[PDB]
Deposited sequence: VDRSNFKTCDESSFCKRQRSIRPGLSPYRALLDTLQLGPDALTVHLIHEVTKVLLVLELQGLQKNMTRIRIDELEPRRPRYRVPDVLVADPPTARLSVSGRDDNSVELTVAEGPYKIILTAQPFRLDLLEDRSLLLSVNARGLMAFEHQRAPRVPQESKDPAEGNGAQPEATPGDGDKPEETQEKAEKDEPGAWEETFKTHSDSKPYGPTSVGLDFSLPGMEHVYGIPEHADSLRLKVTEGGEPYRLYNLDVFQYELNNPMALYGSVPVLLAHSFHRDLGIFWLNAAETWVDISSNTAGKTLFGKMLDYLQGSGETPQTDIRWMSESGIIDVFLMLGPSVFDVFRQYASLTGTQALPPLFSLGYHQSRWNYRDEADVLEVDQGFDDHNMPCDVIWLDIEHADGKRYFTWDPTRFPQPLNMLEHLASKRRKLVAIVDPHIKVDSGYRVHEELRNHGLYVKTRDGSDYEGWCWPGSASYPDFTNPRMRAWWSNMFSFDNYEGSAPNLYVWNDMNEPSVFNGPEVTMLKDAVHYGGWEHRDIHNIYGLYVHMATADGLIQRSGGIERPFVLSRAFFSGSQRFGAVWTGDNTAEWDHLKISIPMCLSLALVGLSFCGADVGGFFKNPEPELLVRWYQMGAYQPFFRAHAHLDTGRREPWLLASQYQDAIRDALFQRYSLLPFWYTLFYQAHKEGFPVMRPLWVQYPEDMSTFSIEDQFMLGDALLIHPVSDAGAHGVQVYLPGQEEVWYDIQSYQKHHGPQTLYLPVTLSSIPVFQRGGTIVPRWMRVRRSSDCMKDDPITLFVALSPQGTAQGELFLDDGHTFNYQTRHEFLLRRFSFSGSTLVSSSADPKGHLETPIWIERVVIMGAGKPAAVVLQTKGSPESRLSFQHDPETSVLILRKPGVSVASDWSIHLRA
């Protein structure tokens, strides 16, 4: 990185103003005589004692243990921005009742308790309690600052320059900020995107965490610089409780974290808009996940193919290269679902076009890939070449759908295609136009097996301040770029996803990868950690970066396998395939100047280890798919920090060299050159863990030193779980999606286990519009394995059957009996290893759609 291209807090005049306000007695006080209480809200006026500016606090109790605090000017010169389209619904409220009152304080009960809120008039403060336990305080350090709108037209409060760029700043200083105190909390998480540790660091001695969607060339590690995406959600965890703070603001935001009986204080500082904050009171982390999903929605259910392996680079040269890469996978027995087309595929970076030299017959290329049951992804960026011969440009220019400067003309930056304009994705009509451009008639050469990648959607503007859009550019409704910046990317992602849905007549689920994102981006597809580097420490950081995303609802995360920049050594590439094989979005990608790194170009030992990784991923597709269905339905993260499953185990709170997939698999990928072992922490009092390769059983809690080879992927199955797999690995997921299942039952010390399985057609909305899916529950206890429906609304015509059952932690039975309605009782043959206590049941042969039971007789 060149840090001088990016503002430090001191270089951002509003951050400097806000951050200069130090802990003290707040000048804000509430005027209790103006207090009004309704069924849905409490309102009261606040005043700054010095300036006499009046503000309105709207305080609401909400269903599902949440509190909403909104602060705006009572008499604004011009309306302040309120973030649209992020919230999925108007949050259902809970009544606040006055249960206590004096001259300086009002105690409010939320519904019939146990939650309570204490409003203190002077100095203004809010305290949120559950019965007698104080959960959180607001403005406890007196850091609330609300810069009112002054008369339109000290250092840098108005016109402001950074390097060679000037911001005319017509409204002057309008920043808003507020602090929160979290007694008993020492560990805080979230606010992606930063190439930093999962457990967030105190900012006291340095820079605050920055949230401003930016394209940071050659980004570096373990620092708070703002990257491509911004999710203003902070989670706080202790042995006793979980809390979350969701700061609904789309403007440039800085977050200060400090500690001090242990307690963490958080301060948010935003350039514009209102103060709109949700306090999500848990008490468990799963309760916080639900609370947040109720506000912003859940992860969109990926089409199954998108959970397979993606092969990319900048750039596959032409149709021959794409077809040789496709054939390369098959000749080397390595599965792959998607081949990606970067910017060189288009006609001179004119999106929605094809270079006629390199790709003269796109439909024929797509047909060839469809015959291999594979897909393609094409890059479509939100910058349009200013060219009168380019129909997209002409239509957007003619309909005035571009982002504008203050003088009313179309903003022009320097970008991938030279002079380029930026469609205003904040405009609902622009998003409809964009969606309509994805019709097969409009996007010539596209087909149902062509999906999309949205890159440079921060927006990345090559000649712009910090490589982005001027703050004073103008958007829909007359809002400035500064007001909306962090949702630009989300809107691109939203419109692209709607385009893929619409082009199919609303039947097909979309697949869109986006670089930039905000709260709510989970609803539109996948995201990745951008332009990483081919180095061991970037391989390591993929875990904390994707975990920070998972915690805030973005379950479909990944990092470029092998690293984007530079050439990875073969050993690093292998370890990266192994890491990526156990992360949600699994794509190998590489910068323009790197050597070719398709996995069969390596020496045979490296190819073999990679093939092994790919087989493991493909076999686990039913498991991945079920975890994504659970995320879509409940809002629970797919990839999890260990502290999510072990909330009382304090030694797990900072772990970032391991993670869990659901509650069933614990992964400790090898992330060092020349490693011959890894220290694996296996938590849980009275928990057992099975090494999935050796079937060796280990009791928790322990730190195990596990030996590793080049092919090793340290993965442990938790006792008490059932993991479904497709053991017949084929060339792509479409090939496998009707195949029989093998159930891997890991017995708890009580001899029990459970797990679910979701199945549908693999790609349409038929699961939701027609209830065409299966949600099975597999449960084991005593000496019986049972399949029952976990959602009787779901019916599915499928040839999928149970071909095998593998039970870890079992004795040798005398007989195995299968019962299922419509069939006579069946006797299964079996194999047992007494050394490992592994029992393999042969060919149950029962439909996955049927209820059944398998009894083990002694």
Missing CA coverage against the deposited sequence, listed in sequence order. 154-189, 297-315
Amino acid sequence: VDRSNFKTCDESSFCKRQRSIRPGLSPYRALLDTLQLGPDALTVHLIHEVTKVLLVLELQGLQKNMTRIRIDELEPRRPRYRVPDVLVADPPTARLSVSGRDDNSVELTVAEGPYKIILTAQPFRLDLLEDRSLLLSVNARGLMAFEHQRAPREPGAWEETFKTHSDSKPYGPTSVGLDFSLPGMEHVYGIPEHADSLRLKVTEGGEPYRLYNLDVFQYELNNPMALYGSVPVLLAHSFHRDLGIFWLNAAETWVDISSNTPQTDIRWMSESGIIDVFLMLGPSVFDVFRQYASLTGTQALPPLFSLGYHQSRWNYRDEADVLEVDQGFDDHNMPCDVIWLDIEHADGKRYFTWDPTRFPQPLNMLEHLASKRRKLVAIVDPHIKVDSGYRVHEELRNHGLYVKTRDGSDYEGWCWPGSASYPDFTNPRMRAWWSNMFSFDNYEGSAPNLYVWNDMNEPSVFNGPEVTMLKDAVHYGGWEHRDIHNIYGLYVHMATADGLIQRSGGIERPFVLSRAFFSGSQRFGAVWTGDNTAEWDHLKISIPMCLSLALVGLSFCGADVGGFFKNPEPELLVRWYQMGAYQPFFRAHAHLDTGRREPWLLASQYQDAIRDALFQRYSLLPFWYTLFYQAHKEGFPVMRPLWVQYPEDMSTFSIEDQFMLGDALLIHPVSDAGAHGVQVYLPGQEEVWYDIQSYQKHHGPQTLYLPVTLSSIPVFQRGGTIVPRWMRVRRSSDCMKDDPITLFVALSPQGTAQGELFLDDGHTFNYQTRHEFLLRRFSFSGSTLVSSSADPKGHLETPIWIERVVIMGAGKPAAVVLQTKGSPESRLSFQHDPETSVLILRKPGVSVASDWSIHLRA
From here on, numbers count along this sequence of modelled residues.
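For the two forms, the rigid core is made up of the largest set of C-alpha atoms that agree within 1.5 Å on superposition.
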Core-superposed in 4 other deposited structures of this protein, which stretch deviates more in Cα positions, 563-571 or 407-415? 407-415
Do the C-alpha atoms of 374-382 or of 88-96 have the higher average B factor in the entry? 88-96
Avg C-alpha B-factor, entry values, 309-317 vs 155-163, higher side is 155-163
From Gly477, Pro448, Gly782, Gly520, which pick has the Cα B-factor that tops the rest in the entry? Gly782
Criterion, highest CA B-factor; candidates, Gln717, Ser294, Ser651, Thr764: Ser651
By its CA B factor, does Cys9 count among the lowest, middle or highest third of the modelled residues in the chain? highest
So, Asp127's CA B-factor, relative to its chain, sits in which third? The highest
Assert third(CA B-factor, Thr836) within chain per record equals highest
Looking at the temperature factor on the CA atom of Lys633, which third of the chain's modelled residues does it land in? middle
Split into thirds by Cα B-factor across the chain's modelled residues, where does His48 land: lowest, middle or highest? highest
